[PDB]
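Participant: Can you look at this? It's an experimental structure, sequence on top.
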Amino acid sequence: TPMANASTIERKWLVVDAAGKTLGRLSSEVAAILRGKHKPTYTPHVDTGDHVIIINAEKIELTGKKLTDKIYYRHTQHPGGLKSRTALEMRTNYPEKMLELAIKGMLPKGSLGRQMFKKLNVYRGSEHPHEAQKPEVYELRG
Amino acid sequence: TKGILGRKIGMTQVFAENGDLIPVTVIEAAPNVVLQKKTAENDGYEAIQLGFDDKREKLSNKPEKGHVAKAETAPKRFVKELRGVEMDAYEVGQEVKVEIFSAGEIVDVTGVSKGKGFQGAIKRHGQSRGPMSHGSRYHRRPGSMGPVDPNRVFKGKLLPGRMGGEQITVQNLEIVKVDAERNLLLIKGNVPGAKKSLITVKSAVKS
Amino acid sequence: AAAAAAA
Amino acid sequence: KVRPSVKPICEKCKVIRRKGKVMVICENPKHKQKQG
Amino acid sequence: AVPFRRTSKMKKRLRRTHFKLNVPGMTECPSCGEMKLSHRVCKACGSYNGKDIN
RNA sequence: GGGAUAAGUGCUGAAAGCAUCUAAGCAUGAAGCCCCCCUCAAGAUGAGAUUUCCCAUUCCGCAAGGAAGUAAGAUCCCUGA
RNA sequence: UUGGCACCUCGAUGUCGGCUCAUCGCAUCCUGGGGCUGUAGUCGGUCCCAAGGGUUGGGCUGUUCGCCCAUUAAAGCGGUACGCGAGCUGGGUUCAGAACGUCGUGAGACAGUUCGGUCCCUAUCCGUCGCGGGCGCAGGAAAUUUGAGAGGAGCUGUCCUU
């Protein structure tokens, strides 16, 4: 009886700037955008969410002493395979997969989660190659 | 850096300037023709392509014939890249010869090692052998797969399999003699691979 | 005891 | 010396708190104490 | 060395995917046919490029 | 041999007019770490990149698409390591 | 480690010590960097940071352990069903025979000792080690490749100058 969209979803493109916000508070909003929680036509099994582009990923910041205390782990399937780096080294070299690990942590787990991860595009600032899609600038709610 | 690639013939012994006897590996490695120059603005990195041991037109494809048309040369059996050479210092179609190496230099030698087939753990991994007597039924076997508690075998457990056919690099070999007339390089020591196989000789990482 | 001598 | 009972041994000892750690520095180097 | 569970029908059919055998290298015999497998003497006419050698 | 470092050694300095390795800012510092040494690596479904060939047929399906022959190329079969 | 309880297994969870293969944690044996020393120098003592690598050949005993011989830079502690018997041996425990000492009238018994004594399995699935066939990578191909990631290696003695 209620509406449930399928193959009629219109997906927009959004640009999110990460110059002054946390890792962090923006990542939950980006995950909610990618899920489609901002649209009234949300249906939980058809991925009504839309594309988002994040620029200035190197300008991200995070409060406290997390630059030296937050540790990322990438354990292999080999014994003694625990490899670790700090948040400063992960931000300094390539913070793109920092942001994608944040979004992947806040996205749901499943086939739709891997599908909604594909709409995310994180780039080192401040230009993106998606000008042909004509993305609009999105301002964060807070 | 500099380098050249070719075919090794076999091993011999050469005494030089004293009574001392040197094991010598003979490599035919000339001429090599520059086929393609990789640039950072187009390919993303700097490298050159070297072609060796040209063949008949029956054994070469039309893409292979068209790829070597720019260098003005016959199609060649072996193509490999060298990275990173001193850019540019070589133009497309220039012949690289054995005169670039003097007979006192230190070079890196790499190649595909000899195949041994599917071999047991004793030969493939150097594992020690079980007793042949005192009632023992155990020899030539790889060992216990591990503990009980993980309920699985850990990755990296050394087991029988195919030995050889992989790329092996031997570091810091010395050129004994260079032969510009007969296109030969004489290298001190042992070189991986079988006879008439492809051997790449590059300058060592100094120092 | 617990001798494994099953036949 | 590293002990969890960092105390001023003599009158010249001074109690400091470098890096979130209670420490005693003194003119005598035998009185240097740290915890943690 | 004892099977813990029985193999289902679908797993057995998936294992029997590569159990099939290929069509031989059979070609037209120039003398009579038909047909003749490659690099062997024809069983019908007994000829091979192209004398009757039996 | 490089970069950030641990324990330590510090420089300039106030909270607290002094003093102070620290709360801001700069160093130095280990066979630990991340590279430089070697090897596998785009099924990295995020499937990347460069060079060079082959070309844009026929018949149905009004659209999507489906069959036959073929070019570049590869394979069946054979001589072998 | 010795214990306590008896929660799981008695329509079976094979138990010691060795062989083979290892992996992990430092409360670090050496090697690396330091502080304090009643550290003149060498050698030392104690306490920090550090698991990267390496941490032996025998005689005795089934032995772990332990003692001794000769080295070494050192011959480190533990966990993984006191790691590992569908990977291996049965010397000891722990069957059926026979003795010694002791107890029991006796049949017999003894963490008291000694001699001898059947260790099955053709791997279905997950795991691991190698090798192939498909399909994908918005045309079909032949080559050359960047590297997200992953694995390997990582030890040290002695002599001469200063």
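Facilitator: Cool, got the structure. Residues are numbered from 1 along each chain as shown, chains lettered A, B, ... in the order given.
Participant: where's the most centrally placed residue in chain D, which helix or strand?
Facilitator: With distances taken as Cα atoms, centre = their mean, residue D:24 lies nearest the centre of chain D, 1.9 Å away. Using DSSP states H and E, residue D:24 sits within strand D:23-25.
Participant: Would you mind pulling the contact partners of that strand?
Facilitator: Contacts of strand D:23-25 from elsewhere in the structure, counted by Cβ atoms under 8 Å, 6 or more residues apart in numbering or on different chains, are D:6-9, D:13-17, D:31-35. C-betas here are computed from N, CA, C, even on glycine.
Participant: do stretch B:137-148 as well
Facilitator: Identification of contacts with stretch B:137-148 by Cβ under 8 Å, 6+ apart yields B:120-122, B:125, B:127, B:129-132, B:153-154, B:157-160.
Participant: With stretch E:17-31 instead?
Facilitator: Against stretch E:17-31 from outside (Cβ under 8 Å, 6+ apart): E:34, E:35, E:36, E:37, E:38, E:39, E:42, E:44, E:45, E:47, E:50.
Participant: could you pull out the strands for the chain?
Facilitator: Went with chain A since none was named. A:13-17, A:51-55, A:71-73, A:84-86, A:120-122, A:136-137 (DSSP state E).
Participant: Not quite, go with chain D.
Facilitator: D:14-16, D:23-25, D:33-34.
Participant: In JSON lines, list those along with distance to RNA strand G.
Facilitator: Formatted as JSON lines, these follow (distance: least, Cβ to the nearest atom of the strand, whole Å):
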{"stretch": "strand D:14-16", "distance to RNA strand G": "15"}
{"stretch": "strand D:23-25", "distance to RNA strand G": "11"}
{"stretch": "strand D:33-34", "distance to RNA strand G": "8"}
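Participant: Can you name the residue of chain A nearest RNA strand G?
Facilitator: In chain A, the residue that lies nearest RNA strand G is residue A:80 (2.2 Å; Cβ to the nearest atom of the strand).
Participant: now the helices for the chain?
Facilitator: Unless you meant another one, I'm taking chain A. Secondary structure of chain A (DSSP state H): helices located at A:25-35, A:66-69, A:87-93, A:96-106, A:111-117.
Participant: I was after chain E.
Facilitator: Using DSSP H, the helices of chain E run over E:9-15.
Participant: Around RNA strand F, which positions in it sit nearby?
Facilitator: Counting by Cβ under 7 Å from any atom of the strand, chain E comes close to RNA strand F at E:22, E:24, E:25, E:38, E:39.
Participant: do the same with chain A
Facilitator: A:83, A:84, A:85, A:88, A:89, A:96, A:97, A:100, A:114, A:118.
Participant: mind listing what the residue in chain D that chain A sits nearest to touches?
Facilitator: Here chain D gets closest to chain A at one residue, residue D:20, 10.6 Å apart by Cβ to the nearest Cβ. Contacts here follow Cβ under 8 Å, 6+ apart; on that basis residue D:20 touches residue D:36.
Participant: pretty sure residue B:11 contacts residue B:176?
Facilitator: No - using Cβ atoms under 8 Å, residue B:11 is not in contact with residue B:176; the gap is 11.7 Å.
Participant: Those two: which has the busier surroundings?
Facilitator: Between residue B:11 and residue B:176, residue B:176 has the larger neighbour count (other Cβ atoms under 10 Å in any protein chain shown), namely 19 against 14.
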